[PDB]
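*Asks:* Got a structure for you, written out below as structure tokens; questions coming shortly.
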Amino acid sequence: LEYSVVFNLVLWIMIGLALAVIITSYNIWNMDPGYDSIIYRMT
Amino acid sequence: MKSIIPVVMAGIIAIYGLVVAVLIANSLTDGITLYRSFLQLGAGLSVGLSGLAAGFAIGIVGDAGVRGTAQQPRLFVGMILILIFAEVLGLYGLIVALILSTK
Amino acid sequence: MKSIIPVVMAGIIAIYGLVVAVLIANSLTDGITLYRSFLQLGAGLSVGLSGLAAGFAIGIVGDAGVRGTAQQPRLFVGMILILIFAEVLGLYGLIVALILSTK
Amino acid sequence: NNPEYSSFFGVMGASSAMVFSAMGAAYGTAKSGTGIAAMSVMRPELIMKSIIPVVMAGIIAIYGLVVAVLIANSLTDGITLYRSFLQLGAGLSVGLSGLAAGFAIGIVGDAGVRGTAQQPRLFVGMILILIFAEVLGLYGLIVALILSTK
Amino acid sequence: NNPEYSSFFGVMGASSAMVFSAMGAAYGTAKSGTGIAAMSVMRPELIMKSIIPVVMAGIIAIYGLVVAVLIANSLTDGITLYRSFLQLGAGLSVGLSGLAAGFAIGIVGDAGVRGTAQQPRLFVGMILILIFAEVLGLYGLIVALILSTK
Amino acid sequence: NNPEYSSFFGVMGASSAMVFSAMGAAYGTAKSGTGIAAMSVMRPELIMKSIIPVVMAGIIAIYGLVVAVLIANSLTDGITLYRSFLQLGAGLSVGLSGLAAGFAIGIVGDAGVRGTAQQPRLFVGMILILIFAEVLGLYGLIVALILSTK
Amino acid sequence: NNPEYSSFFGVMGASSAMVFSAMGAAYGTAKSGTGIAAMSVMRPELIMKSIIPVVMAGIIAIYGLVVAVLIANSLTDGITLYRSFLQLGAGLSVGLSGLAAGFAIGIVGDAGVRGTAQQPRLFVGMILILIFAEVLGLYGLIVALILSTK
Amino acid sequence: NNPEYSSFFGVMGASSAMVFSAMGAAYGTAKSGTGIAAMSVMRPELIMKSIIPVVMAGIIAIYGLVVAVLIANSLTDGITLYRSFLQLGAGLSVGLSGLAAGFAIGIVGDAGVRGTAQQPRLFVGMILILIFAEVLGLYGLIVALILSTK
Amino acid sequence: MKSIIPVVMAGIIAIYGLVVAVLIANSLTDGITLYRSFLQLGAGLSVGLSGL
Amino acid sequence: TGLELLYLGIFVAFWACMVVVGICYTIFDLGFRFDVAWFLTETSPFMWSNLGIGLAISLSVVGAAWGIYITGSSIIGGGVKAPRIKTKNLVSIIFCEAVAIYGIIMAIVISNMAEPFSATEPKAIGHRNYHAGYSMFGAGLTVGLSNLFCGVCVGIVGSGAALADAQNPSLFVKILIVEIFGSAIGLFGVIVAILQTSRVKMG
Amino acid sequence: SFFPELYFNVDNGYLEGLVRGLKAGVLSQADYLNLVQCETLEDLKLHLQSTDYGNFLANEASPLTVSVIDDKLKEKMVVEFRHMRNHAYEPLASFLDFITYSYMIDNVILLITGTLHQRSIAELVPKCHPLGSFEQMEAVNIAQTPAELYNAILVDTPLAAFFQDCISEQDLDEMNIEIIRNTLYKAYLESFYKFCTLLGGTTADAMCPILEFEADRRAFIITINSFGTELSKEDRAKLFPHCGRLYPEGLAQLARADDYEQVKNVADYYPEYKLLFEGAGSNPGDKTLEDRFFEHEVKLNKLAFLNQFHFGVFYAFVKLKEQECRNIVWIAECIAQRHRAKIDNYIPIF
Amino acid sequence: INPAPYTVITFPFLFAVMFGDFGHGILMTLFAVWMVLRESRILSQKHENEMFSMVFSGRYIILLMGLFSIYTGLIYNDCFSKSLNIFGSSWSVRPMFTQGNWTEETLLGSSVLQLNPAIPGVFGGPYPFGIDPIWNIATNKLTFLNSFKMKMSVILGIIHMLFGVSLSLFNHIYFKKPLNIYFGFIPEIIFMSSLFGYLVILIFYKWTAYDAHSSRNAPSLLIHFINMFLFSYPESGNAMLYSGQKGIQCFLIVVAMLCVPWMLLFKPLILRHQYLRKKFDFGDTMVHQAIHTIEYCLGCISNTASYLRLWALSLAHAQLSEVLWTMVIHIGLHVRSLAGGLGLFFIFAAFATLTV
Amino acid sequence: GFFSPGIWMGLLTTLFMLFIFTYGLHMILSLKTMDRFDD
């Protein structure tokens, strides 16, 4: 009974956590170590 | 020879991936009260994303530190020292995973 | 040696996450009244997000202050101050988590 | 008699109030601190002058703490689904107000720090502009406190 | 008779009212601070003048706060689902109008501040476009005040 | 009898009739106006020659508006719900075809700006290309008229 | 016997036909026309020789219109609910096939315009390629002529 | 027993077939025409030995239409929900196969044409690529016809 | 001439999918067990993605 | 540039989920669980009235603001050396506040008819009000977006006009004609709105 | 596409207004004729004072020479360019950074050859063309060591990306400085074209044709002058930027060209350069080919001003105004030597 | 004070608890002894492998590591995931378990496990050393073992950092800094003790004051600690350890709070007072002491939490060894007589390689 | 069924609110600092 409300709540929480983890993953993926100092020497 | 240092330690993330995975591949059954099942889901995703965290940090930091060791040999000590915390993080993941796999 | 403090701060944020994590884990059962369990969920989200903010701040500021102190030594103390501020953010999150763990 | 799952929205309010302001402070301090590390390196005579955005981000974090703790300590099981929604609205309100305030103070603080590197006259007006964003956060806190005790 | 879930529309309205107007005020402060920081190095004698759009962005925040506090006062539990709907519409409308007015104020502010940096003759015109933007913000306030009683 | 809510299809018929068509109209006018502002800078004698795309963007607006007025005249409460399907289809058709003709006349128009700016001879040709686009707009109109009165 | 909403599919069929074909013709006049405005600056003598792709886009418009009106006059209230599917599929097919010949013509004509500018011998092939594009238009019309009457 | 959505699915099969085939052929003709327009200037004489990939995109269109019209002619109302499955699968398979084939034809034709602008011997290997483009098209055709007979 | 090897090979990649698809068509029927249709879908999408 | 990637991912996931659910429902022949009457009969016309008003004012506000800053940036850029620009180009900002009033007055037109129902059972109760408040919604969003794009076009055209007026102010009216056209399109929007709100009645 | 015409104004309205105003402030052919009606340098100063130019020789030496007016024009260019650049944002700032690299290359060429032959850095500092900056340390006071300046170029100087192809100081000593600058110039054009194509809007439409023509021009004249000098044909072809209509075909015939008429035949296939070569009669006492090229570039700059939503306007006024400065200089030279019979040897700026 | 002599013994003990195994300790003591017996030969021999040189230079470090590793392997009662049986597992009498109302329990036991109950009145008794091997085979070992391992790690960390804080006093005594004693060591050590010593004695008090007669609605350590920290004192819901404890906890919290002002501002205020008497930036020195207080307090809390790495790595080793036993040497045991041993040969070869 | 009718309009209102909010957030993320100053 009232399975709809449970379905809505679980969907919302799951997508929210998915959004947070995915945006954090995208963030940490594209870090820039600087591309300078000795990195100049290594290009 | 120094090139191998961060990679042997990178293997520990995979070791941890086996730690709970094999444990639960052995301890699984059919007549489950459906709540321990949830606990195991939580443990697995926790240790896994901790593996992601340790992998990210180890890759980038071992990279940068081994550049700075290829230039300055003194940097080696700090390279190892900073490397410590990545496996500390993976350890924290495995801690919570074992607690949930046994609670 | 003087440049390792922010790494220790990252470790402390790992402490902030892990203490609440294990506190939620060991405070578990199957027949819960659905109230405290929900509170544990909210506490976990709060402490995790606070720890993530602390991680971002500590990484960025540690890099900036490390590259700064080498040129101008007068920036080292201010770097340390901002590290304290990041720890205080983590502690804010920890405070609300502990309040929600026993409400 | 009360609706089920009623009290949950207020707790999500506390969590949002906390986390959004935490993001705001974590950003307001970070870019300002990079500004300090880039400016003070060659004019270190203004180290003590340019800590104001950091204290302001701290104030935003304190607003987040006080609202979150106030909501967390008012919780119960017997809510009529009408207190929880108000607590949710208050929490989201103050949290994102602190978030926007944090962004504003961080960018303005970096800009003003570099500007007073070039021109000492800015300092007081810079502080005034910082007061503006802090008072925006204060407005958000006003509405949140009116809703929390409602 | 009273429909269930009747209370969440209007509180979210008041939220949106103070939220989006706060975003607009943040926009104004953000852009005008970058302005003043860029400017006073060359001509430090016009700092007091460049606070013109900043106070006005604060006034946009006041518009949003006024509506939000009004709706906060007027809420209740025994709603026939009508008043909460009026509150929702009024609040969201004033919020988005504050957002628009604030952004316009901000970027017009930085631009006209530059125009004053070079040509002093553009300063009165800068105030002109700012007053028109503030009239827009005041429309945003006034129509929402009408809606909360319609 | 008439199923309830049946008029909704027709009212979106009116909306979708005019909305996208007017998007296109004001896009074409907008962009041709900027190109012709550049023209106004570089030579003034072809200003009578520059009014061409704008009036035809107006024609696109008419293509939308006539259908929209037809629907808004045929509106009522007890609609059979089988004419309203035609009303909705006609609306979305004429609207987006007005959008089609709109950006088409726009891009061809500002191409023609520079084309006639350097060579007065290409004026006739670019008018021909323009006329094709309003033939497309009339296409967008006629099926809408057929369906809305079928 | 046939349920409500049975007539619905056919009108979107006719619509989508004319919609997508209008998009195709709009893009045909889009790219090639601007190519003319860029090319004919230095070769105004070929003003009459490159109208062919534009009229070809017009022909795509004709195809769309013909199928659209064909469905418009063949629809009814008491439809079997299969003819509605046939008309929907036919209209979708021919419309986006018009769109297909549309971007094919646009790109090919834009290339052929300045290709004729540099080497006038390219005219022998350009209209042949445009004929291939219009063959694809005919392909769409063929499928539309089979499905609608089916 | 026999549903109407079975006929719907078969019609969408034939549609998607010719749809995606037209997409591929139009894209192939576009890229090929750009390639010819690039090569034609320095090599005016090979305008008659360059239409080949356009004809072969035509062949992909042959495949798309023969399957589409074949499925269209087999449509009926008394479908046991099985031949509808076969028709839908056949149509979508041949369609996207033609899409991929035309994409390959466009890219390889443009690249080979640009290579042949100075290398007449590349013509042979270019045909060698073209044959496998048609192999992909044929593989789009094969199973689709098999399903149309199943 | 010699450079044509990867293109013949690309054709072979499409052979891998086409032949199996014809096999599915051979084994396809209206009255299927709801368990052979399953294996047909599994095999088909698997070989397709491997070929991609 | 990750924000547009996020939006594209959101849209793709939403559309794919809708398609999958629809084909599954058609496959299993579910008994009108996708009940349109359920989606619609449970819709309060107060939505229709209130959101019509809100969109009508909001979109007008947004477009008028857009024209305001576009003209502001352009005039401020052009007045660096040609300050005579401000003699003329303020008519554009007047047109922006005209873009505002076109929506505000029609918001009042809709708001005059705010009334209650005192009806609970959807079937055959308030048949007229159902179409009336809806139509208020349709007209409101129509006039809103109408004034919106009208303000957008007027603004960017006024930008072009100002940057042309920098070097020669004599051609300003020759450029202002196209702003008049844009105003005419906005008026078309207002007229469709009044035709959509002239045969409605609430409660 | 829809991406342009919306975001551009939001962050470049003021700069577009300023650059359009400075464009409107150019000197017409009437102003040039008025200046030509001077017969003296003092009257030239007065004619400059009748416009926004002039009024700069006040508080200076009474006698007037070419160098004074050249320095004043250059200083005005530098002041306005720096003033505009300072008030900019990153999408435009990268553009202006490319515009500055076009002279960074010349300055780095100047700096080297003052170390292979031991010369002070500070004495070269004023010699550097303005807009040079080089406010970064460790390029100053290199102890006259080629390794030191090479490391300073790789580290501090933003040209390290281009210097990833000119390395190890082996090219620095063995191979001719002119070819070093030519190779770096080609690489810089390639990078600039790629960055422009990344911004696929009105900016791409404005700057792709101009750079295309510029590269094709350079390859043509490279082949023109290479005949009389010692140069491997491959070493000539490697200096042709690939961002031109010549690269798909035409560069090769230039690579194997041997005389002026063969280069003419290569240009014949392209009418856009056929007209420029035909107008370039090379007669004794008429305009020359590079004058035709300058006219082409100037009219393309004027064409660029017809659109409002491109960053190209800034590059356009820079080129047009330095061309105006060159015209002023040439008229000054004609006045000074009393060769008024050659006053009509300057390209107008419309 | 040189910390090396104290490290000589601290560090082996911490590495032993971090490597808490008997057999592995034996193997790596054998390695270290092989280094030491081959001292002279290795000394007169070039070894370009710098890893070998670095491990060899601290070879006696490795000897200490391994000695303490063996000792902890004995106390933890583990040796390749196996407990040592001195046959002293005298706690649970099984025939008496049958006597304890468990009649024909095996009939149900053919599908269930039937955990032994607490205090049947007939059980009781410790094990001679370490843990009883019955827990080595139990399923509740995870709940039973890991908990006191956690608490143990807390205890050890507290004692170690106590020792460090005493070393700071010894520095103060040597260098004649009475300010670093009155406002320094004394206030901060009482600050730390007034929380953590109370925690320790509470832990031991519960361990020796509550048994399974009071298991039902027994107290909880963490709940009581939270009650202390938050000044919450519910009447019921948590069995009270002893009467009047609320006032004692309040006093302890109050003195912990009263310890802050000393290091906070009493020393710099005295510096300013003495300086003014003699007549030095007050603000800078005040900030220095502020960061000193912050770093001390936050370091204390973070260290007290981070000593659970002890527990973490101990569990990690224990579970790794158990898995290695359950997967590798477990499958080598089979009913088959000869083929079983032949397979066991290579199975244990792989076992040994992976173990080392 | 699949949904509780008492909260569908609420869901739609939340969707519109988050749409306008993500518009605002997309706008505020385009902000950025100022580079070196003019004199």
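Numbering starts at 1 and runs along the chain as displayed.
The backbone N, Cα and C atoms fix where each Cβ goes, and this holds for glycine too.
Heads up, here are the entries from Swiss-Prot:
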TRANSMEM  H:6-28  transmembrane segment
TOPO_DOM  H:29-50  topological domain 'Cytoplasmic'
TRANSMEM  H:51-71  transmembrane segment
TOPO_DOM  H:72-87  topological domain 'Lumenal'
TRANSMEM  H:88-109  transmembrane segment
TOPO_DOM  H:110-126  topological domain 'Cytoplasmic'
TRANSMEM  H:127-147  transmembrane segment
SITE      H:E134  site 'Essential for proton translocation'
*Asks:* Using a Cβ cut-off under 8 Å, which residues of the same chain at least 6 positions beyond either end of the topological domain 'Cytoplasmic' (H:29-50) come close to it?
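*Replies:* Sequence-remote neighbours of the topological domain 'Cytoplasmic' (H:29-50) are 57, 105-107, 109-114, 116-118, 120, 123.
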*Asks:* Counting across all protein chains present, how many other Cβ atoms fall within 10 Å of the Cβ of H:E134 (site 'Essential for proton translocation')?
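*Replies:* Taking all protein chains shown, H:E134 (site 'Essential for proton translocation') has 16 Cβ neighbours within 10 Å.
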*Asks:* So how many of the residues in the topological domain 'Cytoplasmic' (H:29-50) end up helix, strand or coil by DSSP?
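*Replies:* Helix, strand and coil residues of the topological domain 'Cytoplasmic' (H:29-50) number 15 helix, 0 strand, 7 coil.
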*Asks:* Please indicate, using numbers and ranges, the residues of the same chain that are 6 or more beyond the topological domain 'Cytoplasmic' (H:110-126) and have a C-beta under 8 Å from a C-beta there.
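*Replies:* Contacts of the topological domain 'Cytoplasmic' (H:110-126) (Cβ under 8 Å, skipping residues fewer than 6 from its ends): 31-32, 34-36, 38-39, 42-43, 46, 49-50, 53.
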*Asks:* Tally the residues of the topological domain 'Lumenal' (H:72-87) by DSSP class, grouping H, G and I as helix, E and B as strand, and everything else as coil.
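*Replies:* Final tally across the stretch: 7 helix, 0 strand, 9 coil.
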*Asks:* Please work out the helix, strand and coil residue numbers for the topological domain 'Cytoplasmic' (H:110-126) from the DSSP assignment.
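*Replies:* Each residue of the topological domain 'Cytoplasmic' (H:110-126) counted once, the result is 12 helix, 0 strand, 5 coil.
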*Asks:* What residues in the same chain, six or more past the boundaries of the topological domain 'Lumenal' (H:72-87), come closer than 8 Å to it by Cβ-Cβ distance?
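*Replies:* Here the qualifying positions are 1-4, 6-7, 9-11, 13-14, 147-148, 150.
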